[PDB]
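First up is the structure itself, then whatever we jot down about it.
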Amino acid sequence: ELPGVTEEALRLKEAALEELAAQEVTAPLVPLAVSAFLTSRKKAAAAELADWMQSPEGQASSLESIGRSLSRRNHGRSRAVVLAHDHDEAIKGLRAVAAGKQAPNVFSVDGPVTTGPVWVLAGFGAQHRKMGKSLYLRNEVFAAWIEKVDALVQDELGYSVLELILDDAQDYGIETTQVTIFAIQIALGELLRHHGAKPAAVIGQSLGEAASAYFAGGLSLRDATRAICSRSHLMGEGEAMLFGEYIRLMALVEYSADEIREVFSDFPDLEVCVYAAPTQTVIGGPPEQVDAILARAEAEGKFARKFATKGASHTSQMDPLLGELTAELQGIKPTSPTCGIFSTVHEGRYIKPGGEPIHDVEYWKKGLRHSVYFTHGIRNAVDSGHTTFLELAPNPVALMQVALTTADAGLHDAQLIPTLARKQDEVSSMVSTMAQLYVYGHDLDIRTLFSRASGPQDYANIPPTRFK
Ligand SMILES: OC[C@H]1O[C@@](CO)(O[C@H]2O[C@H](CO)[C@@H](O)[C@H](O)[C@H]2O)[C@@H](O)[C@@H]1O
Ligand SMILES: OC[C@H]1O[C@@](CO)(O[C@H]2O[C@H](CO)[C@@H](O)[C@H](O)[C@H]2O)[C@@H](O)[C@@H]1O
Ligand SMILES: OC[C@H]1O[C@@](CO)(O[C@H]2O[C@H](CO)[C@@H](O)[C@H](O)[C@H]2O)[C@@H](O)[C@@H]1O
Ligand SMILES: *S(O)(O)Oc1ccc(OCc2ccc(NC(C)=O)cc2)cc1
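Mapping of the sequence shown onto the deposited numbering: residues 596 to 1063, in sequence order.
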């Protein structure tokens, strides 16, 4: 028997629900799907729906009942979704679909994407104080998976991530950022799976690698949790003890791998942490050298930004942690992947579903110690026909990096699908995510975005649920 939800988590939850119950109710975001074999007919159906929605009978029908009725139609090759809070927004969106015009809350394509989605599991720099809290309180599938990870992390490290999520007075550090984002990644992905979705492949970046291993069927949930827990506390404890000459900084610079090779001849202790994008690289090393490369970049009109850490992951500074990381991971059981993996640990190379296991102890050591070939993984995915990249995160930081690589590789219309974001309603964000999966033809049962009807008022008087 794993540990249950702590008394403190329950106390915090109760206070959070009381705060929620006293807030003004916001209109939900409802997905309205239309489709046909031909785009011309799709546009006609959008126009007919808009005209009906303008009528007195249409105006008296809830958006939810309209959306539910639309979800039970046949879903053709040419698809569109209008995301709306009220009838005016719905009608404007539908008019744009009918006219072939773009609009912020409208997705419309002539046919399905050819290859399945790549799930992107990153995390660094995505965290914020209240991440995951709103969705935890309002979505029971998400909540159940958060609690499952919370129990496992309690067992491994002896504290509750759910307490961190629910207590607005608490914020995240090097350790707790990692385990909490991992929990959110697991819960987001399983929420998606609950609605019929699945990755065709995964790609990880540094803390995200552990979640990527789980979704690729390479480790059980328990063993993926061991992978993130081990690196998280070692990193956090190691970094807190660094002072003076032991400090190693990390910084994003606008230099490519090829530029780095030349630039580094002047800085003998700098190392590459992350190849993030074609012209963006995260570097690490002694403060004086990091400051000098930043100064060189600014003098050449290139972007450069220092991260808030006294330690550099993915450098030789990790060497003293590796023996303990080894000991703590003894007994994990790497399994044969059930989807593709672009391994940014193994220089961005692809591993097919059903291939040999990769996620052994040496994998986690190499992962922590050596560079992250992120841009290389994305490029390999683009070169093998992938166009949809879906990021599981509290904020879509990595998607910006993906967009740079996709554009550089000649793909100018990638489907870049975020999940959560700070300052965005978390329930609405997930509606949008799943609507996009539907529009592009990826696995997703749009019927499950609506609760089961309990009466005729839960349908609208349109096909296929006209009242006789
Ligand atoms: O939740 C808002 C409201 O609750 C109080 C208690 O009435 O504090 C609870 O919520 C805080 C935010 O998560 C916690 O830090 C605190 O521990 C908890 O008691 C109020 O102080 C707050 O305004
Ligand atoms: O080790 C000398 C060698 O490294 C340089 C490179 O800029 O400096 C670094 O090494 C020093 C230790 O000897 C540190 O004090 C310093 O922080 C670090 O950048 C030069 O001193 C020389 O070429
Ligand atoms: O075209 C089938 C294809 O569409 C998806 C969504 O992209 O599912 C839709 O079509 C199903 C009927 O074929 C419905 O059951 C479902 O509700 C709807 O989303 C994919 O999941 C499916 O492979
Ligand atoms: S691992 O354990 O997560 O260590 C690590 C530190 C830093 C990394 O940088 C990738 C990155 C992240 C964010 C941004 N942009 C922001 C914060 O705005 C650029 C590059 C990766 C791994």
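For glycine and all other residues, C-beta sits at the position ideal for the given N, C-alpha and C.
Does the count of Cβ pairs from the region 880-888 and the region 1006-1017 closer than 8 Å reach three?
Short answer: they don't touch.
If we call anything under 7 Å between Cβ atoms a contact, is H971 one with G943?
For this step, residue 971 is matched to residue 376 along the sequence shown. For this step, residue 943 is matched to residue 348 along the sequence shown. Taking 7 Å as the Cβ cut-off, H971 and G943 qualify as a contacting pair.
Could you tell me which residues DSSP puts in a beta bridge with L716?
By 1-based counting over the sequence shown, the position of residue 716 is 121. Paired residues: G799.
Who pairs with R900 in a beta bridge, going by DSSP?
Position 305 of the sequence shown, counting from 1, holds the residue named residue 900. DSSP lists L847 as partners of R900.
Using beta-carbon positions only, say whether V629 and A675 come within less than 7 Å of one another.
Numbered from 1 along the sequence shown, position 34 holds the residue referred to as residue 629. Numbered from 1 along the sequence shown, position 80 holds the residue referred to as residue 675. In this structure, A675 lies closer than 7 Å to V629 by Cβ.
Environment of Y850 [buried if 16+ CB atoms lie within 10 Å]
By 1-based counting over the sequence shown, the position of residue 850 is 255. Under this definition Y850 is a buried residue.
Report yes if the C-beta distance between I776 and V744 is below 7 Å; otherwise report no.
Taking the first residue of the sequence shown as 1, we reach residue 776 at position 181. Taking the first residue of the sequence shown as 1, we reach residue 744 at position 149. No; because the gap between Cβ atoms is not below 7 Å, this pair is not in contact.
Give me, in chain order, the residues of the same chain whose beta-carbon lies closer than 6 Å to that of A645; leave out the 5 immediate sequence neighbours on both sides.
The residue given as residue 645 occupies position 50 in the sequence shown. Counting only Cβ-Cβ distances below 6 Å, and skipping sequence neighbours, we find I686, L689 and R690.
With distances taken from CA atoms, which of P707, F984 and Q1052 is nearest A998?
Here residue 998 is taken as the residue at index 403 of the sequence shown, counted from 1. Checking every option, the nearest Cα to that of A998 belongs to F984.
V940, DSSP secondary structure in three states
Taking the sequence shown and counting its residues from 1, the one referred to as residue 940 is at position 345. The answer is coil: DSSP assigns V940 none of H, G, I, E or B.
Counterpart residues of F984 in DSSP-defined beta bridges:
The residue you call residue 984 lines up with position 389 of the sequence shown. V713 and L1011.
Regarding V885 and ligand 4, is the C-beta to nearest heavy atom distance less than 6 Å?
Here residue 885 refers to the residue found at position 290 when the sequence shown is read from its first residue. Flag unset: Cβ of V885 not near ligand 4.
Going by beta-carbon coordinates alone, are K728 and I760 separated by less than 7 Å?
Counting from one through the sequence shown, the residue named residue 728 turns up at place 133. Counting from one through the sequence shown, the residue named residue 760 turns up at place 165. Taking 7 Å as the cut-off, the Cβ atoms of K728 and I760 count as close.
In the DSSP assignment, what are the bridge partners of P626?
Walking along the sequence shown from the start, residue 626 turns up at place 31. Bridge partners of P626: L678.
According to DSSP, simplified to helix, strand and coil, what is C868?
In the sequence shown, residue 868 corresponds to position 273, counting from 1. Looking at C868 - three-state DSSP - the assignment turns out to be strand.
By how many angstroms is the C-alpha of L916 removed from the C-alpha of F898?
The residue given as residue 898 occupies position 303 in the sequence shown. The residue given as residue 916 occupies position 321 in the sequence shown. Their Cα atoms are separated by approximately 32 Å.
Could you give the DSSP three-state label for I878: helix, strand or coil?
Translated into the one-based positions of the sequence shown, residue 878 becomes position 283. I878 falls in the strand class under three-state DSSP.
Can you round the beta-carbon distance between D853 and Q884 to whole angstroms, since I take them to be within the 8 Å contact cut?
For the purposes of this step, residue 853 is identified with residue 258 of the sequence shown, where counting begins at 1. For the purposes of this step, residue 884 is identified with residue 289 of the sequence shown, where counting begins at 1. Contact doesn't hold; Cβ gap of about 20 Å is too wide.
From the DSSP output, which residues share a beta bridge with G935?
Numbered from 1 along the sequence shown, position 340 holds the residue referred to as residue 935. According to DSSP, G935 bridges with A796.
Since I believe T634 is in contact with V748 (beta carbons under 8 Å), could you give me their beta-carbon distance rounded to a whole number of angstroms?
By one-based count along the sequence shown, residue 748 stands at place 153. By one-based count along the sequence shown, residue 634 stands at place 39. About 48 Å separates the CB atoms of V748 and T634; that is not less than 8 Å, and the two are not in contact.
Does the pairing of the region 789-798 with the region 1027-1044 give three or more beta-carbon distances under 8 Å?
Contact between the region 789-798 and the region 1027-1044 is established, with three or more Cβ pairs separated by less than 8 Å.
Could you check if residue 558 belongs to the surroundings of ligand 1, using beta carbon to heavy atom distance under 6 Å?
The requested residue 558 is not part of the displayed model; the chain covers only 596 to 1063.
Mind listing which residues have their beta carbon within less than 5 Å of any non-hydrogen atom of ligand 1? Chain order is fine.
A610, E614, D762, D763 and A764
Hey, out of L678, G706 and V692, whose CA is closest to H670's CA?
On the sequence shown, residue 670 is found 75 positions in, with the first residue counted as 1. Nearest option by C-alpha distance: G706.
Hey, how far is the Cα of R636 from the Cα of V692?
The residue given as residue 636 occupies position 41 in the sequence shown. The residue given as residue 692 occupies position 97 in the sequence shown. Rounded to whole angstroms, the separation of the alpha carbons of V692 and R636 is 11 Å.
Around the Cβ of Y958, are there at least 16 other Cβ atoms within 10 angstroms (buried) or fewer (exposed)?
For this step, residue 958 is matched to residue 363 along the sequence shown. Its Cβ being crowded by 16 or more others within 10 Å, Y958 is buried.
Using the DSSP secondary-structure output, state which residues sit across from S673 in a beta bridge.
As a first step, residue 673 is located in the sequence shown; it is residue number 78 there, counting from the start. The partner list for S673 (beta bridge, DSSP) reads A631.
At the level of alpha carbons, what is the spacing between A1009 and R733?
Numbered from 1 along the sequence shown, position 414 holds the residue referred to as residue 1009. Numbered from 1 along the sequence shown, position 138 holds the residue referred to as residue 733. So the two alpha carbons sit approximately 31 Å from each other.
Could you check if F737 is buried or exposed, using at least 16 other CB atoms within 10 Å of its CB as the buried criterion?
One-based indexing of the sequence shown puts residue 737 at position 142. So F737 counts as buried.
Just jot down, in chain order, the residues whose CB lies closer than 6 Å to any heavy atom of ligand 3.
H670, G791, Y1033, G1036, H1037, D1038, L1039, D1040, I1041 and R1042
Between which residues of its own chain and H965 is the CB-CB distance below 8 Å, once the five residues before and five after are set aside?
Your numbering for residue 965 matches position 370 in the sequence shown. The beta carbon of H965 sits closer than 8 Å to the beta carbons of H909 and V940 from its chain, once the five residues preceding and following it are set aside; these are given in chain order.
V967 (DSSP reduced to helix, strand or coil):
Looking up residue 967 in the sequence shown gives position 372. Looking at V967 - three-state DSSP - the assignment turns out to be strand.
Reference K638, options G839, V797 and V677, closest by Cα
Along the sequence shown, one-based indexing puts residue 638 at 43. Answer by Cα proximity: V677.
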